[PDB]
Structure formats: structure tokens, C-alpha cells
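So you know, we letter chains A, B, ... as the sequences are listed, proteins then strands, and number each from 1. Atom set for the values below is all heavy atoms of this structure, side chains included, hydrogens, waters and symmetry mates excluded.
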Number of protein chains: 4
Amino acid sequence: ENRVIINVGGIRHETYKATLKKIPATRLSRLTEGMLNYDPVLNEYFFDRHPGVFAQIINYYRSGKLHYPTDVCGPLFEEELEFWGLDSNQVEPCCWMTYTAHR
Amino acid sequence: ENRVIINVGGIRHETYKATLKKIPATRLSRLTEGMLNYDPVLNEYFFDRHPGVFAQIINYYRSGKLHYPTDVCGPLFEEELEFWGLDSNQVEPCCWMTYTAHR
Amino acid sequence: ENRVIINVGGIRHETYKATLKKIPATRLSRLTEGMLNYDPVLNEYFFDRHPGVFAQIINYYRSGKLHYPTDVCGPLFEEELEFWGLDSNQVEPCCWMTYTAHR
Amino acid sequence: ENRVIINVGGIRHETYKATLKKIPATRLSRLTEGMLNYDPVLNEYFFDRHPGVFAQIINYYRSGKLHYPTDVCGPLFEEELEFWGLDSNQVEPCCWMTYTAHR
Ligand SMILES: [Zn+2]
Ligand SMILES: [Zn+2]
Ligand SMILES: [Zn+2]
Ligand SMILES: [Zn+2]
């Protein structure tokens with residue numbers, strides 16, 4: 001009703017529709033049933049991306065803050081940030097050490 | 001019967017009801033079917049939080065000890081600690097290096 | 001048929017029955033339908049433990065080698081090692097730095 | 001239809017069939033219904049491997065780049081790389097520090 005299921009690589013992440021609108025002009029804030037990767041039977045959106053890193057991607061919408069995970073390298077996370085349409089420059093002060101280590 | 005399902009961000013964590021009572025005056029020790037985010041059909045509680053960090057949150061109840069995860073930054077974990085009503089000061093000696101690094 | 005489902009904290013881990021026999025005299029090598037936490041309907045064993053760390057616990061049986069995870073502290077992992085009846089002294093050379101850091 | 005479910009240790013990872021063909025001559029690029037670990041009822045392939053590390057294994061196919069996870073040791077990951085038929089020498093520049101630390 002007020003929730004959406006984003007099946008990312010098999011893992012069915014779930015959140016309120018309103019949460020996804022918190023960051024406008026991104027792939028998630030743009031979800032629509034006209035999308036081909038939307039299944040009307042299961043009522044979900046399938047994305048062939050890293051399911052582990054997605055919790056971190058989705059946490060940006062939930063908390064309004066961008067943190068970097070520390071179980072994967074910055075480059076892998078940033079690839080995910082680019083696919084989802086998020087900006088890495090928004091990274092929190094606490095996640096600078098894990099952000100600059102790469103460049 | 002003696003277990004409860006806490007659907008945190010799509011991930012259905014499961015524990016015994018008694019485990020949640022181990023830390024009184026917290027959001028989890030307060031679960032009730034009167035709550036709106038409780039679904040009588042699936043018989044579960046939905047919370048729009050980081051599903052990965054929750055295992056760590058729930059492990060505090062299971063073991064009676066507060067450890068910090070090391071796959072996310074202290075600040076992100078602490079945000080979760082605040083939502084769940086847990087106190088970070090209870091952090092174990094072994095998790096001080098990951099606790100003070102931030103402040 | 002030749003597989004068993006160990007529902008650890010909500011997460012249904014699955015392995016071949018033979019894998020669990022690889023380390024005799026442990027809680028997992030001892031699984032039996034006489035156990036109360038065994039559900040004949042779903043055909044699974046429920047354990048109220050850390051679901052994330054379990055993959056590491058189960059990987060000891062699968063690979064025959066004991067590695068320590070690096071997304072949680074040694075103490076938390078060791079608590080799990082004790083519950084499951086595994087011996088930390090078997091830790092691999094590659095996981096000594098994460099093993100001795102604590103003591 | 002255009003997707004496949006790889007049940008790795010209980011966790012049902014999902015991807016497009018085409019993604020698996022991106023790295024020829026590997027176990028995943030070779031999946032076939034003639035395989036005994038393929039279940040026609042559930043329509044999936046079961047592999048008794050580390051379910052956590054698999055997201056990293058599968059991310060190599062998705063992104064075309066090999067990164068090492070940092071929540072487990074290099075040796076454990078490499079064991080998985082060998083089972084899946086992937087080559088560790090392809091490791092990205094950003095994941096050298098976590099690759100050479102071991103040898
Ligand atoms: Zn941070
Ligand atoms: Zn600790
Ligand atoms: Zn190791
Ligand atoms: Zn990398």
C-alpha cells in the first residue's frame with residue numbers, strides 16, 4: 001500500500017514509497033509500473049545489482065546521509081552510486097577516510 | 001508461538017519473544033499488536049531501517065553485550081542505536097577502538 | 001533429501017547433511033528431529049543466533065578451514081564459536097592478526 | 001524467463017542469464033538443466049558455498065571487474081574464486097592492498 005519492494009539481485013529490500021522520494025531525480029525516486037523490470041504478479045522491481053551494497057544505497061534515502069560501506073572498496077560502492085544516480089560528493093565527514101583512500 | 005518476526009527493511013529477522021524483553025524500555029521490548037506497522041496477516045512488524053545493521057542491534061539482546069559492527073561507520077550504527085532506543089555507552093571494551101575513532 | 005535448512009535468526013541457511021558431519025562432536029553435527037527447535041511442517045531447525053556470522057561458522061564445515069570474519073569483532077565471533085561447539089584454536093594462519101588483536 | 005536463480009547456501013541470488021555469459025569458461029557461464037543440483041520444481045541451482053561472498057563473485061559478472069570483499073580474508077575469497085572458476089589475477093588495482101597482504 002505505502003511500501004515498495006525493490007528486488008535487488010534476488011534480495012527483496014522493502015521500504016515506504018515516501019522514503020524513495022526523499023532524494024529527487026534518482027533512479028529510485030523515479031520508479032514506475034510502466035518500467036519493464038516491474039512485475040505486476042509479485043508487485044516488485046528487479047534490478048541486477050549488488051544486493052549487499054544496496055542497504056547502504058537505500059540508507060541514504062532513509063537517513064538523508066551518505067555513508068560508505070567498509071566491507072567493499074570505495075570504487076565498487078561508487079559504481080553503485082553512479083547506477084542509482086546518487087552523488088558521492090555528498091559523503092559524510094565520517095566517511096572521508098574511506099572515500100579519499102582511493103584517489 | 002514463542003517467536004516474533006521483525007521485518008527490517010525487507011529482511012525478516014526472527015527471535016524468541018523473551019529475547020526482546022532482555023533490554024527493557026527499548027523499542028523492541030515494547031512491541032505490541034496495537035502498533036500500526038504490525039501486519040496480522042503475515043504476523044510481523046515492519047521497520048524501515050538498515051537490515052544489515054539490525055543483526056548487530058538484535059545481537060545485543062541475544063548476548064547481553066553491545067558490539068559495534070565493522071562493515072559500516074560508527075555514526076551510521078549509532079543512528080540505528082538511537083532509533084532502537086539502545087545506549088552506545090554500553091559498548092564493550094573490545095569495541096572501543098571503533099567507537100572513539102569517530103569523536 | 002540430502003540437504004538441511006538451519007534457520008538462524010530468520011535467515012534460512014541451507015547445506016548438505018554430509019557437510020555438517022565434517023566436524024564431529026559439534027552442535028550442528030548433532031542435529032536431530034527429536035530437537036524441540038525442529039519444525040516438522042517447514043522441515044527446519046531454528047537457532048536464535050547472529051545470522052550474519054553463521055555463514056562464517058558454516059564455512060568451517062564446507063571448507064574444513066576456520067577463518068574469522070572481519071565485519072565483527074573477534075569476541076563476538078568467538079561467542080558464536082562457543083555456542084556452536086567449535087574451537088577457535090583451529091584458526092587459520094591468515095586469520096591470526098584478527099584473532100590475537102583481542103588478547 | 002531471462003533470469004536465473006542461484007541458490008547459494010540457502011540465499012537465492014538472482015540475475016539475468018546474459019550476465020552469467022559475460023565471463024566464459026566458468027562454472028556459472030556453464031549452468032545447465034542437466035545438472036543434478038538443478039531443481040525443476042523451484043527452477044533454481046543449488047550450490048553449497050559461502051552465500052555472503054557470492055555477491056562479490058556475481059558482481060564480477062555484473063560489472064566486468066574483480067574486487068575483493070573486505071569482510072572476509074583474501075584466502076577465503078580466493079577459495080571461492082577457485083570453485084567458481086574465476087582468476088584472482090584479474091583483481092582490480094584498488095583491491096591490491098587486500099590481495100597482496102596475504103602473500
Ligand atoms: Zn559515515
Ligand atoms: Zn566487540
Ligand atoms: Zn583466513
Ligand atoms: Zn576494488
Side-chain angles (χ1 to χ4, degrees), chain A residues 52 68-74 76 98 101, chain B residues 52-53 55-56 59-60 62-63 65-74 76-77 91-96 98-101, chain C residues 8 23 26 49-96 98-101, chain D residues 9 49-57 67-82 88 91 94-96 98-101:
Chain A
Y68 270 51
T70 59
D71 50 4
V72 295
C73 62
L76 185 160
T98 163
Chain B
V53 167
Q56 206 70 358
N59 208 246
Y60 184 10
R62 287 168 171 148
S63 73
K65 299 166 61 180
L66 175 59
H67 300 282
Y68 270 51
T70 59
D71 50 4
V72 295
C73 62
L76 185 160
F77 184 55
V91 65
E92 284 296 292
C94 51
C95 289
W96 277 351
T98 163
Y99 164 82
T100 74
Chain C
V8 179
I23 306 180
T26 56
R49 306 302 297 198
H50 196 305
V53 167
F54 192 70
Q56 206 70 358
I57 291 295
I58 205 177
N59 208 246
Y60 184 10
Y61 292 74
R62 287 168 171 148
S63 73
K65 299 166 61 180
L66 175 59
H67 300 282
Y68 270 51
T70 59
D71 50 4
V72 295
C73 62
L76 185 160
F77 184 55
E78 283 156 5
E79 269 190 73
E80 296 310 292
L81 287 175
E82 285 179 49
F83 171 80
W84 296 110
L86 302 160
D87 192 6
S88 61
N89 291 117
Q90 286 317 287
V91 65
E92 284 296 292
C94 51
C95 289
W96 277 351
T98 163
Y99 164 82
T100 74
Chain D
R49 306 302 297 198
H50 196 305
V53 167
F54 192 70
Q56 206 70 358
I57 291 295
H67 300 282
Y68 270 51
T70 59
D71 50 4
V72 295
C73 62
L76 185 160
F77 184 55
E78 283 156 5
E79 269 190 73
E80 296 310 292
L81 287 175
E82 285 179 49
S88 61
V91 65
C94 51
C95 289
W96 277 351
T98 163
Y99 164 82
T100 74

Evaluation steps, side chain to side chain contact (heavy atoms under 4.5 Å, CB included), between C:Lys65 and C:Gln90 = CA-CA 8 Å; C:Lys65 299 166 61 180; C:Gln90 286 317 287; over 6 Å; no

Side chain to side chain contact (heavy atoms under 4.5 Å, CB included) assessment of B:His67 paired with C:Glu79 = CA-CA 12 Å; B:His67 300 282; C:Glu79 269 190 73; 3.5 Å; yes

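Here the side chain of B:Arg62 pairs a donor or acceptor atom with the backbone of C:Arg49 at under 3.5 angstrom. In terms of modelled atom types and a separation under 3.5 Å, the side chain of A:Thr70 and the main chain of B:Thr70 share a donor-acceptor contact.
Between the CG atom of D:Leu76 and the OG atom of C:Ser63 there is a distance of 6.5 Å, given to the nearest 0.5 Å. A distance of 12.5 Å separates CH2 in C:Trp84 from CD1 in C:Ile23, rounded to the nearest 0.5 Å. Note: C:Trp96 CH2 to C:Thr100 OG1 = 9.5 Å, rounded to the nearest 0.5 Å. Distance check, rounded to the nearest 0.5 Å: CG of D:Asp71 to CD of D:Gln56 gives 7.5 Å. Interatomic distance, C:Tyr61 OH to C:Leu66 CG, rounded to the nearest 0.5 Å: 10.5 Å.
The ring pair (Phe, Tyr, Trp, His ring centres under 6.0 Å) search around C:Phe77 returns C:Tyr68, not counting sequence neighbours.
Closest approach of C:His50 to C:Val8, counting heavy atoms only: O-CG1, 3.8 Å.
Here the rule is side chain to side chain contact (heavy atoms under 4.5 Å, CB included) with C:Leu81, and of C:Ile57, C:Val91, C:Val53, C:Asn89 only C:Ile57 fits it.
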